[PDB]
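Please read the structure below before turning to the comments.
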Amino acid sequence: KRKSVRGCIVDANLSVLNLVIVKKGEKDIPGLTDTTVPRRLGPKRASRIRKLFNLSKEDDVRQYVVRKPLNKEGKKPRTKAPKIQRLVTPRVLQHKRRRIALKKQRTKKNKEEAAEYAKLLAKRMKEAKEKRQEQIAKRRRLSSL
Amino acid sequence: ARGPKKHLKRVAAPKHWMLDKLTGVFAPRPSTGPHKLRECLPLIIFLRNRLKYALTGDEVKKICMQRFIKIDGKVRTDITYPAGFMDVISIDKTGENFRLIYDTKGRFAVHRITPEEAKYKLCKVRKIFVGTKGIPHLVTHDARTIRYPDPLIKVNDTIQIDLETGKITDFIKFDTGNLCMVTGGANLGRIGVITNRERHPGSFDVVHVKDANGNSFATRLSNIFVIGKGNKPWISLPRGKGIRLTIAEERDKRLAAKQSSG
Amino acid sequence: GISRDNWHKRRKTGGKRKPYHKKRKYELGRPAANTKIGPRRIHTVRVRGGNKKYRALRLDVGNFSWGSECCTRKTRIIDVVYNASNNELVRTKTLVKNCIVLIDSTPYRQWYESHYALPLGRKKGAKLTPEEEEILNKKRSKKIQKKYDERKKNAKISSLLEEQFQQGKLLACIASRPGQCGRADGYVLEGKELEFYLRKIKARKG
RNA sequence: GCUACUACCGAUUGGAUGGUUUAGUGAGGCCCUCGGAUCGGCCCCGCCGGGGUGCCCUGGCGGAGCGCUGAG
RNA sequence: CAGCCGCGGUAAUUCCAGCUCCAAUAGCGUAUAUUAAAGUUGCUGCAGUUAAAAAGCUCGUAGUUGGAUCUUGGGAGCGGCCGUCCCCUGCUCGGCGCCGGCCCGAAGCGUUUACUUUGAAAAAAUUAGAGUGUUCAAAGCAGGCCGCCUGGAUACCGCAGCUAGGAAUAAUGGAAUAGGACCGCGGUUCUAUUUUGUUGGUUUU
RNA sequence: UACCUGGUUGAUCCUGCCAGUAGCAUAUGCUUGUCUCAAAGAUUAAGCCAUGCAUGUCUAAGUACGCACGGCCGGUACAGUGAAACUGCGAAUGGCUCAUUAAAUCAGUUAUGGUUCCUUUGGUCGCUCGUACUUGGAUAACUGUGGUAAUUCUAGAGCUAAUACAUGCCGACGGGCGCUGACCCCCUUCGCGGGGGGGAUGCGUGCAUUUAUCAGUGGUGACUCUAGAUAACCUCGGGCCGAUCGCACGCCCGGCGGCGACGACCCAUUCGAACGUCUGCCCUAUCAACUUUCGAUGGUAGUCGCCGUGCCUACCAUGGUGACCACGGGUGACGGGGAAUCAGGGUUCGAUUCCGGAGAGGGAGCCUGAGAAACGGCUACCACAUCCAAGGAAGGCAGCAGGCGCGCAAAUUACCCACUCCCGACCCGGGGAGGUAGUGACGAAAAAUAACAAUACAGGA
RNA sequence: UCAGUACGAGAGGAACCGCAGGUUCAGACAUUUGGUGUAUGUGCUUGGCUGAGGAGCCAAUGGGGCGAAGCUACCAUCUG
RNA sequence: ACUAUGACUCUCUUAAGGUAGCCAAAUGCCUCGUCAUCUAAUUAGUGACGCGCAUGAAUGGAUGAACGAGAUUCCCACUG
RNA sequence: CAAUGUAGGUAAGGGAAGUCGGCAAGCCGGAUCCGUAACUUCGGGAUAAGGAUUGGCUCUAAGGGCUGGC
Ligand SMILES: [Mg+2]
Ligand SMILES: [Mg+2]
Ligand SMILES: [Mg+2]
Ligand SMILES: [Mg+2]
Ligand SMILES: [Mg+2]
Ligand SMILES: [Mg+2]
Ligand SMILES: [Mg+2]
Ligand SMILES: [Mg+2]
Ligand SMILES: [Mg+2]
Ligand SMILES: [Mg+2]
Ligand SMILES: [Mg+2]
Ligand SMILES: [Mg+2]
Ligand SMILES: [Mg+2]
Ligand SMILES: [Mg+2]
Ligand SMILES: [Mg+2]
Ligand SMILES: [Mg+2]
Ligand SMILES: [Mg+2]
Ligand SMILES: [Mg+2]
Ligand SMILES: [Mg+2]
Ligand SMILES: [Mg+2]
Ligand SMILES: [Mg+2]
Ligand SMILES: [Mg+2]
Ligand SMILES: [Mg+2]
Ligand SMILES: [Mg+2]
Ligand SMILES: [Mg+2]
Ligand SMILES: [Mg+2]
Ligand SMILES: [Mg+2]
Ligand SMILES: [Mg+2]
Ligand SMILES: [Mg+2]
Ligand SMILES: [Mg+2]
Ligand SMILES: [Mg+2]
Ligand SMILES: [Mg+2]
Ligand SMILES: [Mg+2]
Ligand SMILES: [Mg+2]
Ligand SMILES: [Mg+2]
Ligand SMILES: [Mg+2]
Ligand SMILES: [Mg+2]
Ligand SMILES: [Mg+2]
Ligand SMILES: [Mg+2]
Ligand SMILES: [Mg+2]
Ligand SMILES: [Mg+2]
Ligand SMILES: [Mg+2]
Ligand SMILES: [Mg+2]
Ligand SMILES: [Mg+2]
Ligand SMILES: [Mg+2]
């Protein structure tokens, strides 16, 4: 869709400027510097969590994770954690063993199947050659008759 | 048209399903599958219109979602899956395997069999393709690709498969004398011995047949289905034997049946 | 777009066709690639069915083949010499199919030298000071001398090809459609066909 | 001779509607070659940890060539 | 008023009323397109001396139509002189097998159309149409016995295309400066290939 | 039931026409009590539309650090719900209409040995010889400042995922198979030779891809088919060889493991689609010759395109159709399946509920997608329309109702997913498709508005 | 603007001071735009002539582009 | 047999009494005749009408392609 | 090197409104290749109308003579 906007070039022909304070100067502004707000979130996917805190491949994350509280009247105080993503867990290790035993199975199928076909086919040629030897005995009879 | 049609009108459905004139506007469109749109029978139809257990789709959905039924030895939950000819619809709770075979009229018949004989099925092969590493592959009428078969399995043959494994046990060759179901056209659901084969380059070859009662009839290969050695079958056949008796013989038998009922 | 269709033109008899629909997306043609000589630049193309097509625009090398010895090799594309379609594919250096390019003899001279232990090219006068090629041609064992002397029986080559080798440049014909595959592969011209194209060039010169 | 009606010719290079097209101009997409706002990445040195054996690898604080180099 | 003929100028069977009487009956009237009636567009099926009608005469390519002439009969058995069933191609591999030969089966080849008969093939819906107590019917394809029993058929479906039978009627070729058939004889040139115990090559037969 | 009658005359017989007669639609008039079916703004204006709705969707199984709800046993993540948002899939079907369009569409008939295919189904899915006990970095939803007269318009600051996007190995894999081959051995010979073997080191070493040469497992009526041998080739705008997910939890002095979900390249498959063959269409001569360098008919080589072809480009050749009606003009012509009428022959109609085509103001152009030259997706110009603070904003009922206008001429802004089927990630959602009622003398079927007895009378066996 | 007011049933509908501009006329000027342009200023160019190149000339202002200064226009501007 | 007109008839005057054709023209006073077109607007111009003060038949009438240093009217492009 | 003249030139915007009247000046102009109506004594009308091209430099090809298919 085609829409009209205004050019980037600044002049008095403007109504606002959104400004971001980079460096904190001499004076102490009461509205801004006093009230501290934290950053809402930290890495969600475990692999970026692993890069974040330099944890090893083997060890557990559950132990180090921070969990922020939940508390209000009626309900009890609680703490809500994140879904550990990328966890090398016994289940997943089972999935890992699983695909390799299945790969065992497809390799077993291809090999047994090729050997079975080779036996059936080589046997077929053996009987066909014996019948040809039969055709040749009939061939000498037919030429002599 | 910018593409394929997703709906089906009630009248355009083929009449050999015997769908009625006045209940509703639509018919259930088969999903693609191993069987063509026009030769097949939806499961909902075999169930409600044919078998009459369920009235509506909510009851079919719950029975279908119980997952008892197992089509071609594999579980299928798509209600418009086309189960076709020789196709064994097995139910476990009842302990009842049915095989979809044709009546004397083009329609199918309710021909029950035991689970023992019902335990396997037959498949006509269509083409022998040679595979990626000198590996022969087969292609049947119902799209099963079996690899490493015998080179002796050929063009118009059949095979006696096993539903559990999906592997060719035996096969029956196209030769003189073999029985033959006619699987399309005017003689659809006929049975008769292969008396003669007439070749035609370009236009496809005709097969002359002789009925049990000497009534000859020809048919084209597309509508042919080999079924046994000689004139002696290895399978269960419908009552009637695909004979298609005449209007006079039906007047006598039907009328006499009315007389017998009283 | 550039439609491909019969309807836009007359019938056999001469009568004019009235058009029954507007243009369709299957009645489609596309702009020609016209891939030129230069450092690699291949743009990819989506087509019907989500398929790919690697349309070449600039192309420096190609997997050119010597058919007789059956020794194809990847080589830099040095120049377009002649084009049968339109002399403008000669005039403007543009790569297409059936383009008669030139290529550096050295790899062919090098392979034959390894195989037969004979010289390829080497204008009458120059001799190797390093002596590596002669060391390679000599110092054969007894067992391997039977093999290489027997090879000398079929180690003969044509004068017409050898004269170009002495010069250094082989005539090559492109076969692969670069606008299709993104490569400018082809095969070297040989023998009688080659005498023909030199006769045609002699004629074009006049 | 009288009353009524009907088509016809009829100055106006007549007017009004569509329809093929010849010729000028011709927005705007699509394609191509450049382009490179802007945003990276690598390397380069100075101030410091952690590991190694004066040398090899890493993270921060400054500068700047932007030495090279990327999407665009 | 009256589609039309006609009615009405002082006893109006034709107008306006009343009195009656007719047709059809929950239906009838009026208008327009259109169809049979139309042997008034005619192939089946019209006219053409005088009712409307034949070029003033002859020539003339396409178009349309065209004489006669070539296979008639034969063998065995059959039914009440008569009719009908049985039969009217020819030219590498095995058994009705029998004592190399004979026949059959199979493969390939057949001077050619129109014409006629078969089958397949034909989208359904529709039409005709079998069945079926919607209380009858119009409809529908359902239903019926007191667990069981059944139906949910069938026909027509131009024209062209294909498939195998028939060969009277209408074409169409063929031997006439015989460069004519069969079956044979010998050259010139080219080779399918078998060959001489084993390594290699050629011509022969 | 294969039917005629009045009428020119002073009267007769003819050719001959006019009027009568019976069906089938459209309208209107008058009348009208019951029950079962039932068409319904095509005919003029492909003229114009206010309003509302007509396509969305989540599993135990792609993503939860909002208590927004929820077990209490925590500090060794997550019981379980979950607005929202990302992700994925669909929205090319259905519906409405018939203006254009005359061998075109359509019908039948065949062909793709000249092709593509999201999905469905079935085959393959540790075949490569050279961190994997699992890697990298954003981004939304959230919080907090706002802007406009005005759009389901949106900006800046904090943040963050994946079956999104990127990078990439050990493994099985332990070796084989071609070639290279220092050198080594045996045999024979006076020895060179001649014969037989080996051999360090190096090169190659999956499927899929591309080109060239050599030979002929399974097919075919016939393949340049299928498959084989060798040389090598392969875009970083990188092709595959699983950096996912849920249910149970076992068995072996942490090691082997189940059943699925989802996602994968290629091959077959299905729905089908798309080019071609054969034959067939109404009026017109007050339309008799037509075509061409702007391709007409052939040829050669290419381009594009998934292939065949003037599809397009270049160079040559000069062809092709025509009284067997071409060519041109008309058509109140979308086609067919069918309907009405009938003795037999025929005649006219067929927008219309099934199939095929085309189209959404006029024309054109395009992104996105397996699939669109899409119109309930965008960009222009033209036609027409709506608001403004003057800078700007937004538009398309030949969807349903309803309305304007044209007319002789045509319905209620109703109820429901309960039936039929369809979509979606789906055991849960949605559906003006559809169905159901209201109006409705286009029409079809059956059927009341009195029957009986006794008394008189008139008549009759 | 005064004023949608006085007046008049209504229909209709003014005037005085101030403010902004215009027509016609007269008198100057030329910053800017335009015109002119043989400063024969500067490229290009047709035909011929100086052996060729270079540099130039003749064709009654050879032709065509752009153009300084200066004159100059309700065709620019100012004041009454 | 509407008025008008007068097909038709007679008469006076002369030897008959303008037939075919044509126009407000280079021929028409009253006259810028009337109507239509051409213009925003037209005493001009073009096409019909005819009572023609005073049209008219080798004192030749009507037409008519080509040609004109002939007379008028309009339109395009173009211009001090 | 002033006005008045005589003979030469050029002008934005407008385009005969000036004027008895397009008087005068100005536009058009040669060639090739297309295309060319009304009417007609069928010879004409006709360069009708109406469009496009045009330079320099560097190449190819086709057309001829003479002596012993060259
Ligand atoms: Mg009366
Ligand atoms: Mg009749
Ligand atoms: Mg009739
Ligand atoms: Mg007469
Ligand atoms: Mg007569
Ligand atoms: Mg005559
Ligand atoms: Mg006559
Ligand atoms: Mg005859
Ligand atoms: Mg009469
Ligand atoms: Mg008479
Ligand atoms: Mg008659
Ligand atoms: Mg009548
Ligand atoms: Mg009506
Ligand atoms: Mg009543
Ligand atoms: Mg209508
Ligand atoms: Mg209509
Ligand atoms: Mg639709
Ligand atoms: Mg139409
Ligand atoms: Mg039909
Ligand atoms: Mg349809
Ligand atoms: Mg169709
Ligand atoms: Mg459309
Ligand atoms: Mg559109
Ligand atoms: Mg809407
Ligand atoms: Mg739509
Ligand atoms: Mg509309
Ligand atoms: Mg429903
Ligand atoms: Mg609806
Ligand atoms: Mg007032
Ligand atoms: Mg100035
Ligand atoms: Mg000036
Ligand atoms: Mg010079
Ligand atoms: Mg100037
Ligand atoms: Mg006049
Ligand atoms: Mg006169
Ligand atoms: Mg005179
Ligand atoms: Mg006179
Ligand atoms: Mg005179
Ligand atoms: Mg004249
Ligand atoms: Mg001027
Ligand atoms: Mg000017
Ligand atoms: Mg004046
Ligand atoms: Mg003047
Ligand atoms: Mg003059
Ligand atoms: Mg003229």
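Chain labels follow the order of the structure tokens: the first chain is A, the next B, and so on; residue numbering restarts at 1 in every chain, and ligands are counted from 1 in their shown order.
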Residue neighbourhood residue 38 in chain C, 8 Å, only C-alpha atoms (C1' of nucleotides), exclusion window fewer than 6 positions, as an mmCIF file with N, CA and C atoms, in the first residue's frame:
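Result saved to result27.cif:
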data_model
loop_
_atom_site.group_PDB
_atom_site.id
_atom_site.type_symbol
_atom_site.label_atom_id
_atom_site.label_comp_id
_atom_site.auth_asym_id
_atom_site.auth_seq_id
_atom_site.Cartn_x
_atom_site.Cartn_y
_atom_site.Cartn_z
ATOM 1 N N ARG C 58 26.763 -12.693 -15.424
ATOM 2 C CA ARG C 58 28.187 -12.680 -15.712
ATOM 3 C C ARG C 58 28.819 -14.027 -15.432
ATOM 4 N N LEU C 59 29.777 -14.410 -16.271
ATOM 5 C CA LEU C 59 30.340 -15.747 -16.161
ATOM 6 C C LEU C 59 31.749 -15.838 -16.710
ATOM 7 N N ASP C 60 32.680 -16.152 -15.818
ATOM 8 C CA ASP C 60 34.106 -16.139 -16.085
ATOM 9 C C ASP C 60 34.676 -17.472 -16.543
#
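Residues of chain A having any atom within 12 Å of chain E, counting only C-alpha atoms (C1' of nucleotides), are residues 142, 144 and 145 of chain A.
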Subject >> Of the listed residues G:34, G:48, G:80, G:4, that which approaches ligand 33 most closely, counting only C-alpha atoms (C1' of nucleotides) and all ligand atoms >> reply: G:34
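Residue-level contact on chain E: within 12 Å of chain B, counting only C-alpha atoms (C1' of nucleotides), the set is residues 118, 119, 120, 121, 122, 123, 124, 125, 130, 131, 139, 140, 141, 142, 144, 145, 148, 149, 150, 151, 152, 153, 154, 155, 161, 162, 163 and 164 of chain E.
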**OP:** Rounded to one decimal place, report the CA of residue 39 in chain C-CA of residue 180 in chain C distance in Å.
**Re:** 18.0 Å
**OP:** Pick out the residues no farther than 12 Å from ligand 39, counting only C-alpha atoms (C1' of nucleotides) and all ligand atoms, and list them as a PyMOL selection string.
**Re:** chain H and resi 62-65
Same residues, N, CA and C atoms (P, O5', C5', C4', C3', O3' and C1' of nucleotides), saved as a PDB file, in the first residue's frame:
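That gives us selection.pdb:
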ATOM      1  P     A H  62     -29.087  31.681 -68.912  1.00  0.00           P
ATOM      2  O5'   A H  62     -29.142  30.104 -68.704  1.00  0.00           O
ATOM      3  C5'   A H  62     -30.113  29.561 -67.835  1.00  0.00           C
ATOM      4  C4'   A H  62     -30.113  28.052 -67.752  1.00  0.00           C
ATOM      5  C3'   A H  62     -28.844  27.420 -67.242  1.00  0.00           C
ATOM      6  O3'   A H  62     -28.721  27.538 -65.841  1.00  0.00           O
ATOM      7  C1'   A H  62     -29.654  26.170 -69.052  1.00  0.00           C
ATOM      8  P     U H  63     -27.274  27.622 -65.164  1.00  0.00           P
ATOM      9  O5'   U H  63     -26.576  26.270 -65.627  1.00  0.00           O
ATOM     10  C5'   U H  63     -26.696  25.118 -64.822  1.00  0.00           C
ATOM     11  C4'   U H  63     -26.246  23.853 -65.517  1.00  0.00           C
ATOM     12  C3'   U H  63     -24.797  23.446 -65.353  1.00  0.00           C
ATOM     13  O3'   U H  63     -24.559  22.847 -64.093  1.00  0.00           O
ATOM     14  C1'   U H  63     -25.491  23.091 -67.586  1.00  0.00           C
ATOM     15  P     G H  64     -23.264  23.239 -63.232  1.00  0.00           P
ATOM     16  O5'   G H  64     -22.075  22.565 -64.042  1.00  0.00           O
ATOM     17  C5'   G H  64     -22.052  21.175 -64.304  1.00  0.00           C
ATOM     18  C4'   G H  64     -21.100  20.862 -65.427  1.00  0.00           C
ATOM     19  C3'   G H  64     -19.701  21.448 -65.311  1.00  0.00           C
ATOM     20  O3'   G H  64     -18.789  20.752 -64.466  1.00  0.00           O
ATOM     21  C1'   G H  64     -20.577  22.009 -67.392  1.00  0.00           C
ATOM     22  P     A H  65     -17.863  21.629 -63.471  1.00  0.00           P
ATOM     23  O5'   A H  65     -16.362  21.095 -63.560  1.00  0.00           O
ATOM     24  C5'   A H  65     -15.992  19.908 -62.883  1.00  0.00           C
ATOM     25  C4'   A H  65     -15.030  19.066 -63.669  1.00  0.00           C
ATOM     26  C3'   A H  65     -13.674  19.683 -63.929  1.00  0.00           C
ATOM     27  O3'   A H  65     -12.822  19.564 -62.804  1.00  0.00           O
ATOM     28  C1'   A H  65     -14.483  18.733 -65.898  1.00  0.00           C
TER      29        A H  65
END
Original post:
Do you have the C1' of residue 14 in chain F-atom 1 (Mg, counted along the ligand's line) of ligand 4 distance handy?
Top reply: 15.5 Å
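Straight-line separation from CA of residue 67 in chain C to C1' of residue 212 in chain F: 5.7 Å.
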Subject >> Expected answer as a PyMOL selection string: residues within 9 Å of ligand 20, only C-alpha atoms (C1' of nucleotides) and all ligand atoms >> reply: chain F and resi 354-357
**OP:** With a distance threshold of 9 Å and counting only C-alpha atoms (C1' of nucleotides), extract the residues of chain B near chain F and express them as number ranges by chain.
**Re:** B: 1-9, 11-12, 23-29, 31-37, 56, 61-62, 65, 128-134, 136-137, 139, 142-147, 151, 201-202
